[PDB]
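Only one structure is covered here, and it is reproduced in the block below.
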Amino acid sequence: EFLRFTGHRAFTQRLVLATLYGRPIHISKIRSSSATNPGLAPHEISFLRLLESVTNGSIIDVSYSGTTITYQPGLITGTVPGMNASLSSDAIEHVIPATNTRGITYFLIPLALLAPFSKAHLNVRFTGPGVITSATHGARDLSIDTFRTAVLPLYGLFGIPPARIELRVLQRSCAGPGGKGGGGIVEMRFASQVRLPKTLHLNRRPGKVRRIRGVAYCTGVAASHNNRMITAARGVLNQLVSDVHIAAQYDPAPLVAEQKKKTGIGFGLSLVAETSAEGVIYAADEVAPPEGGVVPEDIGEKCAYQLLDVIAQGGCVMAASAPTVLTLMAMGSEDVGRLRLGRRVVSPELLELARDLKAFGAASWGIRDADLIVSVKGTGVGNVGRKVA
Amino acid sequence: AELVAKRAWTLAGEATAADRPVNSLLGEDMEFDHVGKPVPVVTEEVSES
Amino acid sequence: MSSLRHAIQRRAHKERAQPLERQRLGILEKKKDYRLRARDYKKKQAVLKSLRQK
Amino acid sequence: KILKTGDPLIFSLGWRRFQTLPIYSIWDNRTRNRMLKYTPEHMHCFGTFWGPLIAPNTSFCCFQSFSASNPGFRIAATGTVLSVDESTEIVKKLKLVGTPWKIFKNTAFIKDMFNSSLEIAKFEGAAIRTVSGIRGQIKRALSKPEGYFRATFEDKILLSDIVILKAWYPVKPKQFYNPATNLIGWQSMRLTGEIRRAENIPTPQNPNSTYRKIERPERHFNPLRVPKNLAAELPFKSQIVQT
Amino acid sequence: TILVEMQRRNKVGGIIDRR
Amino acid sequence: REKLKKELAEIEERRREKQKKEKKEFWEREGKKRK
Amino acid sequence: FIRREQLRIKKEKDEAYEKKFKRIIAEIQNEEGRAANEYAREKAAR
Amino acid sequence: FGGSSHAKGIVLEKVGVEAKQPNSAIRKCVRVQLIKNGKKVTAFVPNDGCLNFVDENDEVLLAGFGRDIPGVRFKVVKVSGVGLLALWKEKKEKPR
RNA sequence: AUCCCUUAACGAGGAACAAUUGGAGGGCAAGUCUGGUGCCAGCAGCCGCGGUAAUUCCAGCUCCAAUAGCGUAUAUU
RNA sequence: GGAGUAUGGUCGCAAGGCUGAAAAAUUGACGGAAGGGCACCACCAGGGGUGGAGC
């Protein structure tokens, strides 16, 4: 009830920083303008359910209008066998409903940056009708492949080792009828809980972009779609790079309940450019419209153009993974860590994250020239509960 | 007053049937060991298999 | 070992008695008295089984 | 002095001095976190209290009363903060104690344990045990005397025996928190001995609980009693000769 | 119901959804 | 007598342990000689 | 139902514990005995 | 090790802290990291109740173990400048 | 000045004017854990119903070695 | 040192999607008519339950 926020922008960032700092928040006026569907969105209320499920002692209170919530956070326990599940290796089930338009990386990015600060492991299993493992048009969410091999190496940079991260899909799905729907189930297993993340330093220039590797996925369409997409993306990137290599993945169709239906018919592509210097990777994704039927070569050219855009633009980390690396840099020890952002990278979401950290109680950021070096002072919180044996 | 008052029947280690109220076990959540294998009930997946 | 244990490690644990409201029923049979009872019954049943075979 | 669970204790931990009342619990054999009733002499037990949260591996000291008229050694307990949590899992043994009513070869009827067939139907199949060591299982509620049941044991139990059922009842610590604001002034919660000496109530002592010396007579059993038909049917080389 | 309560024996706090 | 038999069994256990150690040392020396 | 669930959980938990600690004790004994035999070989050559 | 008689180390992690039986050697053994050379070796605390004085990231002196896991070569002698048997006998308090 | 040598007067009953370091072994619960073709076996057990001004218990367990000294580790000879 | 038997790691293969849930036979497939054998799940002769009230 104490701290006060307004608006529906950066909602998951506000709740996750509230959980990590232990500061009780109160977010008012979610949808004041919308007369048709005011209040909380279904993906937002399902993220509230997931946050209650993985935490312990957190009290979430949604109002009668649905336009104001308050949130007194508790500790991030994870899957302990006395409170959350029955066994320590058991996956906590989470179902998200059929009226869900955002991708599953909308749930995975806050959970993956809230997961190294837990007590036990995290073994979340996202099932249900509305679990889209693809990119959305939506708010342009990342795919599962983009999310995995673009942002989990950043935890590898921080010292949360990716030897113990297990993000695996069991079915894959796109949106289907309109934006709503899904069907493809995932499970994420964080077994690498750290006390304090390392204060990293991204300062040297990530000049030579050495190679491009990627994933083109097709669920419900012909398997020549990814071959045509690979020929389009190679026709764009062969002017620049000799080694572009894009895996092809194909799944038949996922079935949801109504008597089951096959939903999530679509196809998309996800390129990742690896710089020879360090853990610096630029990613881009593009998905078919869930009703449109556009050319796969158009999609391959579109994702290659977005990848060359991000390679032109980015200093060290792209703006999709910049809030995650900046909030982990803030969670680290009481030293300064230095990120090298591009001047084009700075975004209203990044700026809103800065405003939220200043409101919560972290120190401000120091911006100097080198693209600009942003330097963040850690707050030294870490994780609160861990059994020091 | 709570520290000086008498312990509840759940906090006394040996609770015979004279201490507690009548159906007071149904409100508690205790774990205990069982003996032997239960018999597997025949379910529709078992009959189908 | 045996030198890596204190005297409070070595101290004996006492045996409880029958409750005084129930002392008329006899002694409270513990593991030792139960072992004596079971030895005598297994011996008598072994002799009776051999007599039934004979 | 030893220091009891439930009795308050002034913790010096962080910058905070705070009087809280803890729960002492051993980690039984790394299984269940069983609640003790006193701290063990010369042994580290776990404690659990409701205070401010501190990052673990933080050492602490622990006093009983900030008085100058203590004749010896004011500091009581030491240690280090193990972890922090909400809603701990402390567990205390509750034994439901009963008495045999009718004793057959294995199935004995057990009387003074439950009060109704609803409670027995809840505790159906439970691992019941004799004091002697005979295991057994609660089988079926008994109809005509309300509160009795049938339990099939391992071997024959005696009428002198006591039949226990060892359940684990959870114990939650209290959420009390005094700040030890000494420069302003503060109310110090007393200990149970000071409370009893002040308001004049004796300590509860059970005569059935106080240990006694047990006079065991030497166990002599009856001789073998061979039945008449078997003793008349067995052959000549093994026939019983009794004058 | 029963297995879920046996899993969340000691789990404090939850999302209070008034809508 | 039972105390003496317990200590005699302990002595025989030590004898079997030293016999196994001397047997393996001897055959470790001989197995290099036949190699 | 609680009987069947608790017996399944007890079997799975005991099997997982036995497997994990057999692995741990075997790895510790392997590394320590390897270094001990290497030191006995390097000491007997002096 | 080295050329010395005792080595120093950092207690990385008490392996076998979740072992069941109390005086198991897997319960007594502790993975430490030697300072001078940098390698992680395993050492025996002499007693299971004496394991509680060994905390994580503590400077630990260790010596040879000369006589259930045969081959763990070292034993922890001092923890943070105080002898471990003295800590176990409750002669000294551990400076942290 | 001290020490030394002389020296009046006090100065021993164990609960003390308070011998230690190692090793081996027995005995114990209405306690806890594990295995399984009942009562058995194993690991063990400061933790037991109550009770801390409560308890007087193996009442100070038994044996071996050195004894104002003694043990451990490594190199070893 | 040789020969067996185990235990736990490490590596290599397995581990690349004309794709998107619900035959055999010269010997085989199905019957019919006639004639046998057996059956307190049949006839025949009897007996006894349950089913009416209560637990």
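All Cβ positions, even for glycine, are placed from backbone atoms using ideal geometry, and neighbour counts span all protein chains on display. What follows draws every value from the coordinates through simple rules; no lab data is involved.
A few notes on this one:
- Taking every residue in segment A:223-240 that is assigned to a helix (DSSP H, G or I) and pairing it with any residue that is among the hydroxyl-bearing types (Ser, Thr, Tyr), at least 6 positions away or on another chain, the pairs with Cβ-Cβ distances below 9 Å are A:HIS225/A:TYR250; A:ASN226/A:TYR217; A:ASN226/A:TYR250; A:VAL236/A:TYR305.
- The set of residues in segment A:43-70 that are in contact with a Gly (Cβ under 8 Å, 6 or more places away or on another chain) and of a type in the set (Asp, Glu) contains only A:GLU52.
- Some residue of segment D:28-45 being assigned to a loop (DSSP other than H, G, I, E, B), within 14 Å of chain B (Cβ to nearest Cβ), more than 23 Å from C:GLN9 (Cβ to Cβ) and touching a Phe, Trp or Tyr at 6+ places or on another chain (Cβ under 6 Å): no
- Residue in segment A:9-46 that is farthest from A:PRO110 (Cα to Cα), counting only those that are β-branched (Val, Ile, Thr) and surrounded by 17 or more Cβ atoms within 10 Å (Cβ to Cβ): A:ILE30
- Scope segment A:169-199; condition of a type outside the set (A, V, I, L, M, F, W, C) and buried (at least 21 other Cβ atoms within 10 Å of the Cβ); matching residues: A:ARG172, A:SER173, A:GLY176, A:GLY181, A:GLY182, A:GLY183, A:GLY184, A:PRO197
- Members of segment H:1-42 that are at the interface with another protein chain (Cβ under 9 Å from one of its Cβ atoms) and part of a strand (DSSP E or B): H:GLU13, H:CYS29, H:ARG31, H:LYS40, H:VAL41, H:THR42
- Which listed residue is under 25 Å from the mean Cα position of the chain (by Cα), outside any strand (DSSP E or B) and away from chain B (no Cβ under 11 Å), from D:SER83, D:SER69, D:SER87: D:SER87
- Residue in segment D:153-176 that is away from chain C (no Cβ under 14 Å), surrounded by fewer than 19 Cβ atoms within 10 Å (Cβ to Cβ) and among the hydroxyl-bearing types (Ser, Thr, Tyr) present: no
Every residue, every condition in (1) within 26 Å of B:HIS34 (Cα to Cα); (2) more than 8 Å from chain H (Cβ to nearest Cβ); (3) surrounded by fewer than 12 Cβ atoms within 10 Å (Cβ to Cβ), yes or no:
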site: G:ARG3; (1), (2), (3): yes, yes, no
site: G:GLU15; (1), (2), (3): yes, yes, yes
site: G:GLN29; (1), (2), (3): no, no, no
site: G:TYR39; (1), (2), (3): no, no, no
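- Hits in segment C:13-54 - residues which are exposed (fewer than 14 other Cβ atoms within 10 Å of the Cβ) and touching a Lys or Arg at 6+ places or on another chain (Cβ under 7 Å): C:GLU15, C:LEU36
- Number of the condition not met by D:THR192 [criteria: (1) buried (at least 16 other Cβ atoms within 10 Å of the Cβ); (2) within 12 Å of RNA strand I (Cβ to nearest atom); (3) within 30 Å of D:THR88 (Cα to Cα)]: (1)
- So A:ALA304, is it surrounded by 24 or more Cβ atoms within 10 Å (Cβ to Cβ) and in a helix (DSSP H, G or I): yes
- Total residues in segment D:189-215, condition within 14 Å of chain B (Cβ to nearest Cβ) and in a loop (DSSP other than H, G, I, E, B): 12
- Restricting attention to segment H:55-94, the residues being away from every other protein chain (no Cβ under 13 Å) and in a strand (DSSP E or B) number 10.
- Residue check, D:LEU13 buried (at least 16 other Cβ atoms within 10 Å of the Cβ) and under 27 Å from the mean Cα position of the chain (by Cα): no
- In segment A:243-285, the qualifying residues are those that are away from RNA strand J (no atom under 16 Å from the Cβ) and assigned to a strand (DSSP E or B), and the one that is surrounded by the most Cβ atoms within 10 Å (Cβ to Cβ) is A:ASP285.
- If the condition is being within 16 Å of RNA strand J (Cβ to nearest atom) and over 14 Å from H:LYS28 (Cβ atoms), then segment H:72-83 contributes no residue at all.
- Any chance C:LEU4 is surrounded by 14 or more Cβ atoms within 10 Å (Cβ to Cβ), of a type in the set (A, V, I, L, M, F, W, C) and more than 18 Å from the chain's Cα centre (by Cα): yes
- Applying the criterion of being over 18 Å from D:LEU191 (Cα atoms) and part of a loop (DSSP other than H, G, I, E, B) to the residues of segment D:51-65, the residue that is farthest from the other protein chains (Cβ to nearest Cβ) is D:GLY51.
- Hits in segment H:29-87 (condition: out of contact with any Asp or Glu (no Cβ under 9 Å at 6 or more places or on another chain), surrounded by fewer than 16 Cβ atoms within 10 Å (Cβ to Cβ) and among the basic types (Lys, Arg)): H:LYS36, H:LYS39, H:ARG67
- Annotation: D:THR107 fulfils all but one of (1) within 24 Å of D:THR20 (Cα to Cα); (2) touching a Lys or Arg at 6+ places or on another chain (Cβ under 6 Å); (3) away from chain B (no Cβ under 14 Å); the unmet one is (1).
- The lone exception for D:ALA68 - which of (1) more than 13 Å from RNA strand I (Cβ to nearest atom); (2) of a type outside the set (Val, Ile, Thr); (3) within 23 Å of E:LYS11 (Cβ to Cβ) it fails: (3)
- Test: residue in segment B:14-24 that is within 7 Å of another protein chain (Cβ to nearest Cβ), farther than 25 Å from G:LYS11 by Cα and not in a loop (DSSP other than H, G, I, E, B): yes
- Condition check for D:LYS139: closer than 30 Å to D:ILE110 by Cα, exposed (fewer than 13 other Cβ atoms within 10 Å of the Cβ), away from chain C (no Cβ under 14 Å) and out of contact with any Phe, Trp or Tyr (no Cβ under 7 Å at 6 or more places or on another chain): no
- Residue within segment A:126-142 that is within 28 Å of A:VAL80 (Cβ to Cβ) and surrounded by fewer than 21 Cβ atoms within 10 Å (Cβ to Cβ) present: yes
- A residue that is surrounded by 15 or more Cβ atoms within 10 Å (Cβ to Cβ) and in a loop (DSSP other than H, G, I, E, B) occurs somewhere in segment D:98-107.
- In segment D:108-138, the residue that is nearest to RNA strand J (Cβ to nearest atom) out of those that are basic (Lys, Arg) and outside any loop (DSSP other than H, G, I, E, B) is D:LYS122.
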